[PDB]
Amino acid sequence: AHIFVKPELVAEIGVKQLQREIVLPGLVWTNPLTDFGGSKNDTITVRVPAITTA
Amino acid sequence: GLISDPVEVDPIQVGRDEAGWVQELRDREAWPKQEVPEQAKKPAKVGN
Amino acid sequence: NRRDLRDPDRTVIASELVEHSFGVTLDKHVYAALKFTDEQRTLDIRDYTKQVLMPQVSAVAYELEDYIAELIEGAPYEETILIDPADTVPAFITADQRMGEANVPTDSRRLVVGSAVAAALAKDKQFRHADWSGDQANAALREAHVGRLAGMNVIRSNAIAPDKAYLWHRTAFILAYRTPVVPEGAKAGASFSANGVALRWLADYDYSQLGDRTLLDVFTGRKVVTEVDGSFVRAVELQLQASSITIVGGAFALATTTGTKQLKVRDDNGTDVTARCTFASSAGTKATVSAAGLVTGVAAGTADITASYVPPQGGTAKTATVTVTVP
Amino acid sequence: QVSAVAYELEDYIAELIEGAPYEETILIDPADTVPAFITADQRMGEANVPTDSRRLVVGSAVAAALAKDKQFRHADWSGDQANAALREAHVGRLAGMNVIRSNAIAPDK
Amino acid sequence: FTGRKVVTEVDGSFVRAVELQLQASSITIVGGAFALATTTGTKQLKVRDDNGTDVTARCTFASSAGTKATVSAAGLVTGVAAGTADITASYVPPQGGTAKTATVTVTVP
């Protein structure tokens, strides 16, 4: 029988590994504090305003 | 000591750990749900 | 990856990215062949174009549809999303969930249901009752079809099994067609078309049989797009859930002592499950039932024929018993 | 590489959200899912949290259970004659907060 | 570089976010009771609940017949010797309390 020799072929038809979408980062509170290296211990101190009772 | 020596522990990191404001959370993949770590429920410091 | 800031150990672990691949093969020779003795060609065939070529094209088109349906139904499905006939919508919503939790794109999805599934959708109280489904201008009741459910249009087809539905993304199933070339030795022949597929028509005169011969064919190949881990997530299969089966016709008497009869078993949905049942005879001395539901009588007297059907949900086989009386 | 880092950042945020210290986890009954969300609204109204700028991110299974609920499927039980929960699968607004579906969080949360 | 924080109250209680979880009433094993092809063969059990979620990572597996087939703590099960083994998967639901149980039978050739 005839034994032809043919090359391997690799093609891309648009099938890809399925991966979810990115929705979380657009929801959380990003960068309300910026200068972290300026303060000591990489810690910014946030102050809660005082409250009083009559 | 020497440049080739392994990196020494950061004093900034030591102080930050001492202040204890780094955020630790429950594991997502632990069943049953883990207890709240003692750091996550500490009260706010009384003095600014 | 992720590492703690200011960590004393400055070690990063490399991430390795790999590429995967899969093979698409051409391995079928759908064809339709005909022979015509010279007497038939001169006399029987009044209009060759209409009496011969058109039936061949239609037959090969139906065979191609059967090939596609075999591809769709035979794909490796991990689990079958059972449809409860009393309340069918949760099954379809679960199918949508399973495809959406695998991040399959939401567009270009096809939902093809059998005849039984469409009938069940029409008979479902969710769609039939106006208050439960909006649409006070009732469509599942006045007409007998539901237009759209669970965010996907429904398409009926008799090619697939009656009680099956398939929801698949465009990129799940791949088909390939190669039209054979007309060999130089063989006489030149025209090329026809079936559902947009080009097919080669070839003619050759058999002098030994003193008759013409024709052959209309095409090369076909199919592929199911699995995932890199071997799982199949691009398509989901739904099957109607059968509660009980009944043998149509009730108690019946054979015509003669050596009479024969063909049985038909229908589940509560009316679907013919005769090819999916196993038949047994209480007394084979007088009446014997084959594996295909063909009951025959070998001696006079009364016997019991039972049919056992393993439901799509599995478990204990539903049993339907009937009594035959050979005269 | 950029896609991997983006997904790692989203996983970081999801770890933050799910790992937060919660005293209790409100249980959603699949047969009746609305009381759980009204109870969540009650819990946050009791603590005097402002009403505006509230986000509700549900896992895939929770959204499926919302769609499967008779409270949203049956048009006589939810108004909405053009049945959104049956013709389509999204439920949309629920107990005064737009539902956002995300696969980063655990499926049934 | 990145950092995350939750805004707890003055006394440490967290009241600005609520977690809701979907109840589970029963668990099943995908694939039903089927026999293993060979002793060296391995099969990864899949567990689900009535909600449709995947709870395989949340279940604990045990084997009645250890000398026939042994199941790992992650659901993977491998045969040992010919016979029958009654594998069980126990899942403690989010509601807590009694653990739901799913039983499967595996036949080792």
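Residues numbered from 1 in each chain as written, not as in the entry; some residues may be left out. Chains lettered and ligands numbered in written order. Part of a larger assembly, values for the part shown. Heavy atoms only, no water.

Its PDB header names cryo-EM as the technique used to obtain the model and reports a resolution of 3.44 Å.

Student: Would you mind showing me how to read the side chain of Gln23(B) here?
Tutor: Structurally, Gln23(B) can be placed in the segment after α1 (11-19). Classification of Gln23(B) by relative accessible area gives buried; the value is 14%. (Helix = DSSP H or I, 4+ residues; strand = E, 2+ residues; numbered from the N terminus. Buried < 20%, exposed > 50% of the residue type's maximum accessible area, 1.4 Å probe, protein only.)

Student: Explain the interface of chain C and chain D to me, please; I cannot follow it from the model alone.
Tutor: Interface extent is often summarised as the accessible area lost during association of the parts. On the chain D side, the residues contacting the 25 residues of chain C number 21 residues. The junction of chain C with chain D conceals about 1,900 Å² of combined surface from both sides, 47% of it contributed by carbon and sulfur atoms. Counting the surface chain C buries against chain D, the share from its top three residues, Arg2(C), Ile93(C) and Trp132(C), is 29%. Applying the counting criterion to the chain C and chain D interface returns 4 salt bridges. (Contact = heavy atoms within 4.5 Å. Buried area = accessible area lost by both parts, 1.4 Å probe. Salt bridge = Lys/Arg side-chain N within 4 Å of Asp/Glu carboxyl O.)

Student: Before we go on, may I ask you to explain the packing of helix α3 (residues 89-100) of chain C against helix α3 (residues 60-68) of chain D in this structure?
Tutor: Packed helices, taken two at a time, are described by their axes: the angle between them and the distance between them. Running from N to C, α3(C) and α3(D) point in directions that differ by 160°, and their axes come no closer than 10 Å. Between α3(C) and α3(D), the angle is such that the two are roughly antiparallel. Crossing angle aside, the handedness with which α3(C) passes α3(D) is right-handed. Listed contacts from α3(D) to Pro90(C), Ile93(C), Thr94(C) and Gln97(C) of α3(C) are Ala61(D), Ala64(D), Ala67(D) and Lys68(D). (Axes fitted to C-alpha atoms, helices over the stretch in contact; angles between N-to-C directions. Parallel < 35°, antiparallel > 145°, perpendicular 65-115°, else oblique. Left-handed = near helix turned anticlockwise from the far one by under 90°.)

Student: Just checking my understanding: could you explain a nonpolar patch on the surface for this structure?
Tutor: A contiguous nonpolar surface patch, about 280 Å² in accessible area, is contributed by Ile13(A), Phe22(C) and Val24(C). Given a relative accessible area of 60%, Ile13(A) falls into the exposed group. (Patch = residues over 30% accessible without salt bridge, like charges linked within 9 Å, V, L, I, M, F, W, Y side chains within 5 Å. Areas by Shrake-Rupley, 256 points an atom, 1.4 Å probe, with all protein chains shown as cover.)

Student: Please explain empty space enclosed by the protein as it appears in this structure.
Tutor: Rolled over the atoms, a probe as big as a water molecule pinpoints where empty space is left. Inspection of the entire model under this criterion finds 1 cavity of 30 Å³ or more. As a volume, the largest cavity reaches approximately 40 Å³. Forming the walls of the largest cavity are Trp21(B), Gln23(B), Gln39(B), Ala40(B), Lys42(B), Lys5(E), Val6(E) and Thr8(E). Taken together, the residues that form the lining of the largest cavity break down as 3 nonpolar, 3 polar and 2 charged. (1 Å grid on protein atoms, 1.4 Å probe; cavity = no way out; pocket = protein on both sides within 12 Å on 5 of 7 lines; lining within 4 Å. Points joined across faces, edges and corners; volume = space filled by probe spheres on them. Nonpolar A, V, L, I, M, F, W, Y, C, P; charged D, E, K, R; others polar.)

Student: Can you help me understand the packing of aromatic side chains in this one?
Tutor: The geometry of an aromatic ring pair is captured by the separation of the ring centres together with the interplanar angle, meaning the angle of the planes. Applying the stated rule across the entire model yields 7 aromatic pairs over all chains. Where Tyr77(C) meets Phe232(C), the ring centres are 5.6 Å apart and the plane angle is 45°; that geometry is what we call tilted. One end of the pair, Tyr77(C), is in the loop between α2 (48-73) and β2 (80-83); the other, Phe232(C), is in the loop between β11 (219-224) and β12 (235-240), and 155 residues separate them in sequence. For the pair shown, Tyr77(C) and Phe232(C) are each scored as buried. The positively charged end of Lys42(B) is found above the aromatic ring belonging to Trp21(B), 5.0 Å away from the centroid. The ring centre of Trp31(B) lies 5.1 Å from the NZ or CZ of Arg58(E), which sits over that ring. (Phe/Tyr/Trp six-rings, centres within 6.5 Å; stacked < 30°, edge-to-face > 60°. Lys NZ or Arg CZ within 6 Å of the ring centre and 35° of its normal.)

Student: Mind showing me how you'd approach the nonpolar core here?
Tutor: In a soluble, globular protein the nonpolar side chains are often hidden away together inside. In this structure, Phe92(C), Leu111(C), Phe127(C) and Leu238(C) are the most contacted members of the largest nonpolar core, which totals 31 residues. Of all the secondary structure elements, the ones that give two or more residues to this core are β2, α3, β3 (109-113), α4 (115-123), β5 (152-156), β6 (164-169) and β12 of chain C. Top contributing element to this core by residue count: α3(C), with 6 residues. In this view, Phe127(C) contacts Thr88(C), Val89(C), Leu121(C), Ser133(C), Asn138(C), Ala140(C), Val146(C), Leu149(C), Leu86(D) and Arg87(D); residues no more than four positions away in its chain are not counted. (Core = buried A, V, L, I, M, F, W, Y, C linked by side-chain atoms within 4.5 Å.)

Student: Is there a simple way to think about the interface of chain D and chain B in this case?
Tutor: With 11 residues of chain D in contact, the opposing surface of chain B contributes 7 residues. Between chain D and chain B, a total of about 820 Å² is buried, with carbon and sulfur atoms accounting for 56% of that surface. At the junction of chain D with chain B, the criterion picks out 1 salt bridge. Between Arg28(B) and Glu18(D) there is a salt bridge, and its shortest N-O distance comes to 2.5 Å. At the boundary of chain D and chain B, one finds 3 residue pairs in polar contact. It is helix α1 (residues 2-18) of chain D that provides the largest number of residues to the side of chain D that touches chain B, a total of 5 residues. For the side of chain D that touches chain B, the residue count by class is 6 nonpolar, 2 polar and 3 charged. (Polar contact = N/O pair within 3.5 Å; in protein donor to acceptor, adjacent residues only side chain to side chain.)

Student: Looking at this model, I keep getting lost on the pattern of salt bridges. Mind explaining?
Tutor: Oppositely charged side chains can pair when the atoms bearing their charge come close. Taken as a whole and judged by the stated rule, the model has 27 salt bridges over all chains. A salt bridge links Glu19(E) to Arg26(B); the shortest N-O distance between them is 3.1 Å. With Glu19(E) in strand β1 (residues 19-22) and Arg26(B) in the segment after α1, the pair connects residues from two separate chains. In this structure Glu19(E) comes out as buried when scored by relative accessible area, which is 7%.

Student: For this particular structure, what's the right way to read the sheet that holds strand β7 (residues 76-79) of chain E?
Tutor: Note on sheets: strands pair through backbone hydrogen bonds, and any given pair is parallel or antiparallel. All names here are of chain E. Taken in spatial order, the 3 strands line up as β3-β7-β6 in an open sheet, and their pairing is antiparallel. The open sheet has two free edges, formed respectively by β3 (42-44) and β6 (69-71), since each of these has just one partner strand. Along the sheet, successive strands turn relative to each other by an average axial angle of 20°, direction set aside. As defined by bridge partners, β3 adjoins β7 across 3 bridges and the pair is classed as antiparallel. Pairing of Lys43 across the sheet is with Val77, part of β7. (Pairing = 2+ DSSP bridges.)

Student: How should the side chain of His74(D) be read in this particular structure?
Tutor: On the secondary structure map, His74(D) appears in the loop between α4 (70-73) and α5 (75-78). Residue classification places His74(D) among the buried positions, given a relative accessible area of 3%. Here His74(D) is in contact with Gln126(C), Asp131(C) and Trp132(C), once residues within four sequence places are set aside.

Student: Whenever I open this one, unusual backbone geometry confuses me. Can you help?
Tutor: Most peptide bonds are trans, and most residues other than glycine sit at a negative phi. The omega angle of the peptide bond from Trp31(B) to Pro32(B) is 0°, so this bond is cis rather than trans. Its identity as a non-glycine residue notwithstanding, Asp135(C) has a phi of 30°, on the positive side. As for its placement among the helices and strands, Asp135(C) is situated in the loop between α5 (125-128) and β4 (148-149). A positive phi angle is found at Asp80(D), which is not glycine, with a value near 55°. With respect to the secondary-structure elements, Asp80(D) resides in the loop between α5 and α6 (84-87). When its relative accessible area of 44% is taken as the criterion, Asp80(D) is described as partly exposed.

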